[PDB]
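Chemist: One structure, pasted below without further comment.
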Amino acid sequence: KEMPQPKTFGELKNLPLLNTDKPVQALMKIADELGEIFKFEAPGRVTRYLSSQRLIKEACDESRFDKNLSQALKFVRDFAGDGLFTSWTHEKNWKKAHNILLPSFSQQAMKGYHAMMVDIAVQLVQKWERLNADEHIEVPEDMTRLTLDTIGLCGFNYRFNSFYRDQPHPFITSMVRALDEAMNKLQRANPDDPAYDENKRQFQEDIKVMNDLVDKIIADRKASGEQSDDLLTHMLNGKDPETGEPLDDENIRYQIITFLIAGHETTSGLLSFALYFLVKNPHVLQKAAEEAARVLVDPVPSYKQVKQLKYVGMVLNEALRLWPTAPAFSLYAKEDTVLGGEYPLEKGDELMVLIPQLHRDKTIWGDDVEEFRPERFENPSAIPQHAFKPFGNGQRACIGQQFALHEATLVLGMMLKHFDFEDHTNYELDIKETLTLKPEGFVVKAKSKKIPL
Ligand code: HEM
Ligand SMILES: O=C(O)[C@H](Cc1ccccc1)NC(=O)[C@@H]1CCCN1C(=O)CCC1CCCCC1
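Numbering-wise (PDB author numbering), the sequence shown opens with residue 3 and increments by one.
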């Protein structure tokens with residue numbers, strides 16, 4: 003079979019389709035028209051977007067296909083370098099950093115991060131308890147305050163103090179603005195064109211700002227010698243079992259920047275979409291709220307109580323199904339291969355998994371694919387392989403998966419314990435696209451159940 007292509011614009015091929023501020027959603031719409039695979043060409047590039055479990059399950063075969071750095075990720079690499087996220091599997095720092103960090107990110111390691119997560123989560127509850135009767139909550143803004151603070155604290159024992167601020171830490175304004183530049187470059191048919199000279203100068207200032215503060219953090223920590231139970235000590239002491247070598251100071255910088263990207267962008271989105279789904283599905287919110295009141299019997303949640311929030315966990319899963327906050331990943335073909343019996347690929351050939359489209363595959367999920375029903379996760383083993391991929395695939399999957407689900411489960415649990423929620427504006431979903439997806443302008447009112455901490 004020849005695969006379909008969306009509409010073209012002469013010599014620019016498909017590229018002007020990305021000239022939008024919601025490219026993932028535009029790509030989702032192309033998928034609905036064209037189906038499970040389409041070719042997408044730009045000057046000097048060709049990719050193929052997959053939306054079906056049928057084909058993505060083969061693309062997740064690690065013997066045929068490896069992680070590719072998409073143009074987006076190549077642009078993030080300018081400041082995230084060879085941290086785990088923007089490195090190639092065959093880079094020495096990939097495997098090395100991977101071997102050292104895996105035990106820091108285990109489900110086991112969560113027990114030790116738990117108390118710092120609680121620290122930030124209670125800040126959130128206390129903010130909301132202290133709001134006046136007239137006031138509402140700006141949802142993604144508060145969730146981002148939470149998740150950023152949480153990774154700051156468990157990452158290297160730094161307090162961004164986001165709940166004490168109206169405007170973001172100097173580091174974040176740079177970080178956010180750099181991610182911004184990295185994504186906007188995607189669209190420019192002619193960079194090096196002078197109209198972008200300010201953008202480039204800015205970027206360099208931003209990279210600089212991020213580097214200085216992180217390098218200073220690593221410096222101050224070594225010079226102090228203290229052994230806090232955070233990722234930075236794990237990295238400063240750790241040795242790769244394989245090579246026997248530790249990470250160098252520069253790579254450690256890259257890891258910290260990477261985790262700060264993750265903690266800002268992705269986990270906050272999950273929590274935002276979850277609360278959105280809950281207020282638009284009152285019977286579901288009530289069921290989650292009943293679980294929370296039953297399980298969270300203590301002034302503050304234990305590690306083990308969080309593991310008991312099963313329905314909360316299903317809610318997070320279903321939010322991730324409909325709106326995977328990291329919406330795509332890239333692969334290349336290790337060798338010449340035939341995809342799904344029909345599409346012959348050459349070595350080096352690129353693929354893109356369109357996760358939200360995958361999660362809409364009616365052959366997997368049934369006809370009610372658009373409905374918010376967390377119960378569809380009620381027995382996971384009934385799910386076909388590679389159907390649900392909000393965390394990526396294989397060895398290059400998200401290392402912070404367990405971190406993110408524990409944080410989210412804790413925070414949502416507490417939220418459902420402490421407040422009733424009201425969709426007071428009848429919010430119409432508007433999805434903002436950065437490196438990630440967020441519900442822009444989502445606001446609610448909370449009303450305290452007056453349960454003390
Ligand atoms: C709910 C929140 C999150 C979602 C949906 C998510 C999703 C993903 C996805 C899809 C990838 C792979 C991207 C690719 O193949 O190109 C990934 C990789 C990664 N994530 Fe996450 N992530 C989340 C939170 C976090 C957290 C909290 C951390 C840790 C601070 C983190 C650290 C990473 C790292 C380091 C990688 C690269 C792993 C490697 O290649 O060795 N993420 N994540
Ligand atoms: O960055 C790319 O290479 C392509 C866009 C593209 C395709 C062909 C030609 C030029 C650009 N990326 C995409 O399809 C989508 C659309 C824009 C953003 N995007 C992404 O790749 C998402 C960026 C990251 C990837 C890893 C997990 C977190 C999110």
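Just so it is clear, CB atoms sit at the ideal spot from N, CA and C, and this is done for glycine as well.
#1: Just the Cα atoms here: how many angstroms apart are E35 and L14?
#2: From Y313 to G350, what distance separates their C-alpha atoms?
#3: Would you check whether ligand 1 has a heavy atom nearer than 7 Å to the C-beta of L431?
#4: For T245, I'd like the list of residues in its chain whose CB is within less than 7 Å of its CB, leaving aside the five on either flank, ordered along the chain.
#5: I need the straight-line Cα distance from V48 to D300, nearest angstrom please.
#6: Excluding five sequence neighbours on each side, which residues of the same chain lie with their C-beta closer than 8 Å to the C-beta of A28?
#7: Return yes when the C-beta of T152 is under 7 Å from any heavy atom of ligand 2, and no when it is not.
#8: At a cut-off of 7 Å, is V26 close to ligand 2 when judged by its beta-carbon and the heavy atoms of the ligand?
#9: Tell whether a beta-carbon distance below 8 Å holds between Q257 and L86.
#10: By the DSSP assignment, the alpha helix (DSSP H) with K129 in it spans what residues?
#11: Kindly list the residues whose CB is nearer than 7 Å to the CB of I357, restricted to its own chain and excluding five residues on each side of it in sequence; keep chain order.
#12: Can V302 and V26 be called in contact, C-beta distance under 8 Å?
#13: Cα separation between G394 and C62?
#14: Between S383 and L353, is the Cβ-Cβ spacing less than 8 Å?
#15: Could you please give the first and the last residue of the uninterrupted alpha helix (DSSP H) stretch that includes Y313?
#16: What residue does the beta strand (DSSP E) around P346 start on, and which one ends it?
#17: State yes or no: is the C-beta of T10 nearer than 7 Å to some heavy atom of ligand 2?
#18: Ends of the beta strand (DSSP E) at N201?
#19: Taking the C-alpha atoms as reference points, what is the distance between residue 501 and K452?
#20: Taking 8 Å as the threshold (C-beta atoms), are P142 and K440 in contact?
Modeler: Reading it off the structure:
#1: Taking the first residue of the sequence shown as 1, we reach residue 35 at position 33. Taking the first residue of the sequence shown as 1, we reach residue 14 at position 12. So the two alpha carbons sit approximately 21 Å from each other.
#2: Counting from 1 along the sequence shown, the entry for residue 313 is found at position 311. Counting from 1 along the sequence shown, the entry for residue 350 is found at position 348. If I take the Cα positions, the gap works out to 42 Å.
#3: The count along the sequence shown starts at 1 and reaches residue 431 at position 429. Every heavy atom of ligand 1 is 7 Å or more from the Cβ of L431, so no.
#4: For the purposes of this step, residue 245 is identified with residue 243 of the sequence shown, where counting begins at 1. Excluding residues within five positions, the ones whose Cβ falls inside 7 Å are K98.
#5: Residue numbering aside, residue 48 sits at position 46 when the sequence shown is read from its first letter. Residue numbering aside, residue 300 sits at position 298 when the sequence shown is read from its first letter. Those two C-alpha atoms are separated by around 55 Å.
#6: Taking the first residue of the sequence shown as 1, we reach residue 28 at position 26. Excluding residues within five positions, the ones whose Cβ falls inside 8 Å are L19, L20 and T22.
#7: The count along the sequence shown starts at 1 and reaches residue 152 at position 150. Between ligand 2 and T152, a heavy atom-to-CB distance of less than 7 Å is absent.
#8: Translated into positions along the sequence shown, residue 26 becomes position 24. Result yes, Cβ under 7 Å from ligand 2.
#9: To locate residue 257, count along the sequence shown from 1; it is residue 255. To locate residue 86, count along the sequence shown from 1; it is residue 84. Yes, the Cβ-Cβ distance between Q257 and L86 is below 8 Å.
#10: In the sequence shown, counting from the first residue as 1, residue 129 sits at position 127. Looking at the DSSP string, the run of the alpha helix (DSSP H) that includes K129 is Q109 to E131.
#11: Taking the first residue of the sequence shown as position 1, residue 357 is located at position 355. Excluding residues within five positions, the ones whose Cβ falls inside 7 Å are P326, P329, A330, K391 and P392.
#12: The residue given as residue 302 occupies position 300 in the sequence shown. The residue given as residue 26 occupies position 24 in the sequence shown. No. Outside cutoff.
#13: Translated into positions along the sequence shown, residue 394 becomes position 392. Translated into positions along the sequence shown, residue 62 becomes position 60. One C-alpha to the other measures close to 9 Å.
#14: Here residue 383 refers to the residue found at position 381 when the sequence shown is read from its first residue. Here residue 353 refers to the residue found at position 351 when the sequence shown is read from its first residue. For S383 and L353, no; Cβs fall outside 8 Å.
#15: On the sequence shown, position 311 is the one that residue 313 refers to. Counting along the chain, the alpha helix (DSSP H) containing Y313 begins and ends at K312 to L324.
#16: By 1-based counting over the sequence shown, the position of residue 346 is 344. That run of the beta strand (DSSP E) goes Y345 to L347.
#17: Counting from one through the sequence shown, the residue named residue 10 turns up at place 8. No - ligand 2 has no heavy atom lying nearer than 7 Å to the Cβ of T10.
#18: By one-based count along the sequence shown, residue 201 stands at place 199. Counting along the chain, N201 falls outside any beta strand (DSSP E), though it belongs to the alpha helix (DSSP H) covering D199 to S226.
#19: Outside the displayed span of the chain (3 to 455) sits residue 501, for which this structure offers no information.
#20: Here residue 440 refers to the residue found at position 438 of the sequence shown. Here residue 142 refers to the residue found at position 140 of the sequence shown. Yes, these two residues count as a Cβ contact at 8 Å.
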